[PDB]
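Asks: Before I ask anything, let me first share the structure, which is written out below as structure tokens.
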Amino acid sequence: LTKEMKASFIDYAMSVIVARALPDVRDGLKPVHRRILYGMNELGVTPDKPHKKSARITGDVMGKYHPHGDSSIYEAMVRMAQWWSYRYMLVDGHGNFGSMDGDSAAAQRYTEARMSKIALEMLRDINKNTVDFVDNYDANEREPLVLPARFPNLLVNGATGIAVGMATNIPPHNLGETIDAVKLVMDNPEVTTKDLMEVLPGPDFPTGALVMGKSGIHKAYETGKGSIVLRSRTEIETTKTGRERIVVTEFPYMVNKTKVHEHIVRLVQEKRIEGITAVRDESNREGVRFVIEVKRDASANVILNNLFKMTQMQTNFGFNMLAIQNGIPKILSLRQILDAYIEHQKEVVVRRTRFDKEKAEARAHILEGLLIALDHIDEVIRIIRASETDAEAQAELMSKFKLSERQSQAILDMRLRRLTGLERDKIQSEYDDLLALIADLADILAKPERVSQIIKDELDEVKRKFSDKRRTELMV
Amino acid sequence: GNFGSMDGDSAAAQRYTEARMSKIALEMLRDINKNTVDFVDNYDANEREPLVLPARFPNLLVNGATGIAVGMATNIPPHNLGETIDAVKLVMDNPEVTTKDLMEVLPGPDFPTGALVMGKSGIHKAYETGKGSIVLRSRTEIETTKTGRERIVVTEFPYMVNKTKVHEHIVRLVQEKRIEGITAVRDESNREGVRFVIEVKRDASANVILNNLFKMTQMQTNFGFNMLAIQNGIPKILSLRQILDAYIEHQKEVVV
Amino acid sequence: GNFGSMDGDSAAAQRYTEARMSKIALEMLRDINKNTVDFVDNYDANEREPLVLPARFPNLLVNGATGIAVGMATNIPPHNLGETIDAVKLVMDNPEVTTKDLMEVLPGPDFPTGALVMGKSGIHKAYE
DNA sequence: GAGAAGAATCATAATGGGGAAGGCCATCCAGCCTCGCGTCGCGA
DNA sequence: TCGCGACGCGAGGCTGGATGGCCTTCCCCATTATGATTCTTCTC
């Protein structure tokens, strides 16, 4: 009764939290977005072909699952097109998406998008039985609960959760810095937090800010709790008539210019400094030109500290930094993200190795049958002439030599083009090649460090392909 | 008009009662000139009514009977007609044949839906003495999808079965929590051909579930016989020979 | 379309779902320009949804409610509207009236079929 | 004268049959995915 | 040279939604019988 009500409470709370709160540690990818990328990979249409303008994709998404609104699925599409909010990059698109401005793109299917470049190598190896699957409620198609990865996007894109019990802030980071962190933890299981300070000088943004504190960053990467400073960029230049002109490019994150400017107008117009009727905040299609000019007989820095007291040019940005794994939430630190991603990639690589051994040893068994057929042929021909049935021919071949049923029938699959001797040598050559590759994979399976070397290989692949610098200029 | 197909809705539109007959009464009876049957008189005892229905045909042997709750119970289970004609004509040209050699001519007792029959000991008992229940199963198959999921697909059922009452009993078995694996209980497009599908998740041993169907559910049929005859008022009981014997001597008197 | 009148046949023709509304929402709510109610945002937290339904009208007091099996049970039995308007306006112009003198204004709890009501002790208990 | 009761005549209502309007069901059309087959590639 | 296997492309088939045709139910109209009221009839 009340225990069953508690069971309903527990199970339904798990349903809501695993539905729309923080995703798994293993991916950092929410299942809405997971199914977006899975169905867009299963569109099959390459990003090389010009990216499409349709709600047919989202119609197949809603055929895959019924939410409490596919407008929310389109919101997920658009929020993954928010490069100014969520970093590089998940949408190859063309249509209206705006900026961090207060933009409303009601043109839903009229936007264009398809697969993105990072998604291509990000979600390979589906054909290698790497990830498990579950059936939908529609009992017709399957879906994976997690994904294979080529980086911890956990660190690449942060989290802005909701307070089902409590929300979660997770800051973004840099590509190559994360690669160096992976290499560091790979080479040493004995790293420190100063090591993390080295390979990660600090969390960054697609826009940029200033984070002056140090021990808040320290408690952030250790305890998982703490708040930081997000500060706008400040440039003090000289007006030709003597005004301390303020140029602003960076901002605190999730801070529109519009309502901040309106409250600045209000604070001017509530019996305060009114001679600052100089707000040249435009031309922001080349960058950000947020320029004011402080009036005469007034210093810029006092108005700067007053707008920092307005909590919009300098903001205490907190961090909750929680996660979901094994059905439980967790307070975060590193060597957890790190070791989790490491052992996940270990799973992926080793299971890929097992599947490749499956294909290779199956084809090796085939070429065994091929070479044993191509040893002695004409006696088999003449005994086939003493038969009239492929079942009789199968029994004859079982009397002749040791084969499989598949092997016997594949040897039956031989026209007269198969009756040469050069192709015997070719099958023998690829047979020895395949045996060498099988022995290579077996020796790799008897090698722990070789897995890490393959991880280094894929890291160097994506590092030659792409890199990124710290656009977020942070002084401490 | 309006009847209801086979699912518990006997449509009784007495206003819409518009019909004809079939062409088999032309084989049944033609006694216009035929001095056959006595008559009984009704309205101040004037107008005829025949005693019996003579024929040239043991069709209504093969039809089946429903006379149960009056005193004791009896019925007539049905066969089909062709091998009936065969075995009858063999008795005609050969008046000294045996039973089981005509069981070589006679298949099992038939049903219009098309029933799976197993066992012949009850056949041995009931062709002789007309008593006993036999086991009957529905044409039921396991079918694989494009995904590898399995499906229990039935085609028909044995005699006196509702789709819908058994469907409610399936929904019971769901909420009774005494059977597992079952996911979809669906039924569509049934008027081009009867198609009811149960669909079950993987890792469930679906053939064991079919065994559980034909153990506990009403899909299994224990169909019993009772052919306790009446020959000129007094109650009797007949073998399959004696029925056709009385038929023979009736045809004798008919044609004479 | 197809509904079933009052005898246990809830006709659910989802294909035939063709309708309009009534003219009473024009009395219910007109908050276009009317700064009344906070909003909550849904699809990646964007689009509005109002918290409550303001009105000028206690009509839905007089409608009746069905909220039972969630925690504990409750309902709202219905009245009619005219003497409701009467007793309300009497409380409006007279903020210090008594209960039973408005029971003089208020008849029994009403029903759409038309019910024979006997007794008033339960009326005395349930209006309180 | 006067008063009451009975038979006959007129009007009203109900039953059945036929006509018309709208609703539900099946069929077809197009789009997308899967299978098979052909061209290419590898080895002696 | 020669043979087999694998990937990509085209064609076919199936599903859902919309549209049209025909069937059934209710209402109305006329005919016939019953009830009531009026005129005539009876007795001191």
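Cβ: placed from backbone, ideal geometry, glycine included. Neighbour counts: every protein chain shown. Coordinate-derived values only; no laboratory data.
Asks: From the list B:244, B:213, exactly one residue is under 22 Å from residue B:37 (Cα atoms) and either part of a helix (DSSP H, G or I) or free of Cβ contacts under 8 Å to residues at least 24 places away in the same chain (or both). Which is it?
Replies: Details: B:213 fails: under 22 Å from residue B:37 (Cα atoms).
Just a single option satisfies the conditions, and that option is B:244.
Asks: Right, residue A:377: over 29 Å from residue A:127 (Cβ atoms) and not polar (S, T, N, Q) or not? Walk me through how you get there before you give the answer.
Replies: On the way: over 29 Å from residue A:127 (Cβ atoms): yes; not polar (S, T, N, Q): yes.
Yes; evaluated as a whole, the condition is true for this residue.
Asks: Let me ask you something else. Among the candidates A:473, A:461, single out the residue that is farther than 24 Å from residue A:387 by Cα, away from DNA strand E (no atom under 16 Å from the Cβ), part of a loop (DSSP other than H, G, I, E, B) and in contact (Cβ under 8 Å) with a residue 60 or more places away in the chain.
Replies: On the way: A:461 fails: part of a loop (DSSP other than H, G, I, E, B).
Only one candidate passes the filter, namely A:473.
Asks: So, one more: Could you list, in sequence order, all residues of region A:429-455 that are more than 16 Å from DNA strand E (Cβ to nearest atom) and in contact with a helix residue (DSSP H, G or I) (Cβ under 7 Å, 6 or more places away or on another chain)?
Replies: Start the filter on region A:429-455 by keeping residues that are more than 16 Å from DNA strand E (Cβ to nearest atom), which leaves A:435-436, A:439-455.
Of everything in region A:429-455, those that are more than 16 Å from DNA strand E (Cβ to nearest atom) and in contact with a helix residue (DSSP H, G or I) (Cβ under 7 Å, 6 or more places away or on another chain) turn out to be A:435, A:441, A:444, A:445, A:450, A:451, A:452, A:454, A:455.
Asks: Something else: Could we say that residue B:228 is away from chain A (no Cβ under 14 Å), more than 17 Å from residue B:141 (Cβ to Cβ) and either of a type in the set (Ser, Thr, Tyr) or surrounded by 14 or more Cβ atoms within 10 Å (Cβ to Cβ) (or both) here? Steps first, please.
Replies: Working: away from chain A (no Cβ under 14 Å): yes; more than 17 Å from residue B:141 (Cβ to Cβ): yes; either of a type in the set (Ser, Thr, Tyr) or surrounded by 14 or more Cβ atoms within 10 Å (Cβ to Cβ) (or both): yes.
Yes: the conditions hold for residue B:228.
Asks: Can you tell me which residue within region A:338-373, out of those that are buried (at least 16 other Cβ atoms within 10 Å of the Cβ) and free of Cβ contacts under 8 Å to residues at least 60 places away in the same chain, is farthest from the chain's Cα centre (by Cα)?
Replies: A:373
Asks: Looking at the structure I just gave you, is residue A:236 farther than 30 Å from residue A:196 by Cβ, outside any helix (DSSP H, G or I) and touching a helix residue (DSSP H, G or I) at 6+ places or on another chain (Cβ under 7 Å)?
Replies: On the way: farther than 30 Å from residue A:196 by Cβ: yes; outside any helix (DSSP H, G or I): yes; touching a helix residue (DSSP H, G or I) at 6+ places or on another chain (Cβ under 7 Å): yes.
Yes.
Asks: Is it true that some residue in region B:185-208 is under 26 Å from residue A:141 (Cα atoms), surrounded by 14 or more Cβ atoms within 10 Å (Cβ to Cβ), among the polar types (S, T, N, Q) and without any contact (Cβ under 8 Å) to a residue 60 or more places away in the chain?
Replies: No - not one qualifying residue is present in region B:185-208.
Asks: What number of residues in region B:8-44 are over 24 Å from the mean Cα position of the chain (by Cα), farther than 30 Å from residue B:56 by Cα and within 16 Å of DNA strand E (Cβ to nearest atom)?
Replies: Adding up the residues that qualify gives 5.
Asks: Output the residue which, of all residues in region A:99-113 that are without any contact (Cβ under 8 Å) to a residue 12 or more places away in the chain and among the small types (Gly, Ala, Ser), is surrounded by the fewest Cβ atoms within 10 Å (Cβ to Cβ). Explain how you work it out, then say what you get.
Replies: Going residue by residue through region A:99-113, those that are without any contact (Cβ under 8 Å) to a residue 12 or more places away in the chain are A:103-104, A:106.
Next, only the ones that are among the small types (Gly, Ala, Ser) stay: A:104, A:106.
On the way: A:104: 10, A:106: 6.
Once the filter is applied, the top-ranked residue is A:106.
Asks: Just name the residue that is nearest to residue A:144 (Cα to Cα) out of those in region A:26-76 that are within 14 Å of chain C (Cβ to nearest Cβ) and among the polar types (S, T, N, Q).
Replies: For region A:26-76, the residue satisfying everything is A:58.
Asks: If I ask for residues that are assigned to a helix (DSSP H, G or I) and among the small types (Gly, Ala, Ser), which ones from region A:378-429 would you list? Give the derivation first.
Replies: Residues of region A:378-429 assigned to a helix (DSSP H, G or I): A:378-385, A:390-400, A:405-412, A:416-418, A:422-429.
Passing the criteria: A:391, A:393, A:395, A:399, A:408, A:410, A:429.
Asks: Another question, if that's okay. Return the only residue of B:3, B:57 being touching a residue at least 12 places away in the same chain (Cβ under 8 Å), surrounded by 10 or more Cβ atoms within 10 Å (Cβ to Cβ) and aromatic (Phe, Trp, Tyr). Before the answer, list the steps.
Replies: Working: B:3 fails: touching a residue at least 12 places away in the same chain (Cβ under 8 Å).
Result: B:57 is the single residue among B:3, B:57 that is touching a residue at least 12 places away in the same chain (Cβ under 8 Å), surrounded by 10 or more Cβ atoms within 10 Å (Cβ to Cβ) and aromatic (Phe, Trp, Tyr).
Asks: Continuing with the same structure: Out of everything in region A:63-75 that is assigned to a helix (DSSP H, G or I) and touching a helix residue (DSSP H, G or I) at 6+ places or on another chain (Cβ under 7 Å), what residue ends up being farthest from residue A:119 (Cα to Cα)? Talk me through it step by step, then tell me what you get.
Replies: The initial filter retains those residues of region A:63-75 that are assigned to a helix (DSSP H, G or I), namely A:63-64, A:71-75.
This time we only want the ones that are touching a helix residue (DSSP H, G or I) at 6+ places or on another chain (Cβ under 7 Å), so: A:64, A:73-74.
Working: A:64: 20, A:73: 18, A:74: 18 Å.
Only one residue fits best here, namely A:64.
Asks: Going by the structure shown, is residue B:178 under 16 Å from residue B:213 (Cβ atoms) and either away from every other protein chain (no Cβ under 14 Å) or of a type in the set (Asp, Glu) (or both)? Quick ask: steps written out before the conclusion?
Replies: Numbers: under 16 Å from residue B:213 (Cβ atoms): yes; either away from every other protein chain (no Cβ under 14 Å) or of a type in the set (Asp, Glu) (or both): yes.
Yes: the conditions hold for residue B:178.
Asks: May I pose another question? Tell me which residues, restricted to region A:259-282, are surrounded by 11 or more Cβ atoms within 10 Å (Cβ to Cβ) and within 37 Å of the chain's Cα centre (by Cα).
Replies: Residues satisfying the conditions are A:259, A:260, A:261, A:281.
Asks: In region A:424-458, which residue that is under 30 Å from residue A:379 (Cα atoms) and touching a residue at least 24 places away in the same chain (Cβ under 8 Å) is farthest from DNA strand D (Cβ to nearest atom)?
Replies: Start the filter on region A:424-458 by keeping residues that are under 30 Å from residue A:379 (Cα atoms), which leaves A:424-435.
With the extra rule that they be touching a residue at least 24 places away in the same chain (Cβ under 8 Å), the set shrinks to A:424, A:427-428, A:430-431, A:434-435.
Values: A:424: 6, A:427: 6, A:428: 4, A:430: 3, A:431: 7, A:434: 9, A:435: 11 Å.
Among those residues, the one meeting the criterion is A:435.
Asks: Restricting to region C:25-40, and then to whatever is loosely packed, with under 10 Cβ neighbours inside 10 Å and assigned to a loop (DSSP other than H, G, I, E, B), can you tell me which residue is nearest to DNA strand D (Cβ to nearest atom)?
Replies: Pass one, region C:25-40, residues loosely packed, with under 10 Cβ neighbours inside 10 Å: C:26, C:32-35, C:38.
If we keep only those that are assigned to a loop (DSSP other than H, G, I, E, B) as well, we get C:32-35, C:38.
Numbers: C:32: 34, C:33: 39, C:34: 38, C:35: 43, C:38: 42 Å.
So, considering only residues that are loosely packed, with under 10 Cβ neighbours inside 10 Å and assigned to a loop (DSSP other than H, G, I, E, B), the one nearest to DNA strand D (Cβ to nearest atom) is C:32.
Asks: Being near DNA strand E (Cβ under 9 Å from one of its atoms) and free of Cβ contacts under 8 Å to residues at least 12 places away in the same chain is the filter; apply it to region A:398-417 and report the residue that is farthest from the other protein chains (Cβ to nearest Cβ). First the steps, then the outcome.
Replies: Let us first name the residues in region A:398-417 that are near DNA strand E (Cβ under 9 Å from one of its atoms), namely A:410-411, A:413-417.
In the following step, the residues that additionally are free of Cβ contacts under 8 Å to residues at least 12 places away in the same chain were identified as A:413, A:415-417.
Numbers: A:413: 26, A:415: 32, A:416: 38, A:417: 35 Å.
That would be A:416.
Asks: Let me ask something additional. Quick check on region B:41-50. Is at least one of its residues in contact with a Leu (Cβ under 8 Å, 6 or more places away or on another chain), loosely packed, with under 10 Cβ neighbours inside 10 Å and assigned to a loop (DSSP other than H, G, I, E, B)?
Replies: To start, the set of residues in region B:41-50 that are in contact with a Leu (Cβ under 8 Å, 6 or more places away or on another chain) comprises none.
No, the conditions are met nowhere in region B:41-50.
Asks: For region B:146-170, give me each residue that is touching a strand residue (DSSP E or B) at 6+ places or on another chain (Cβ under 7 Å), hydrophobic (A, V, I, L, M, F, W, C) and away from chain A (no Cβ under 14 Å).
Replies: Scanning region B:146-170 gives B:153, B:154, B:170.
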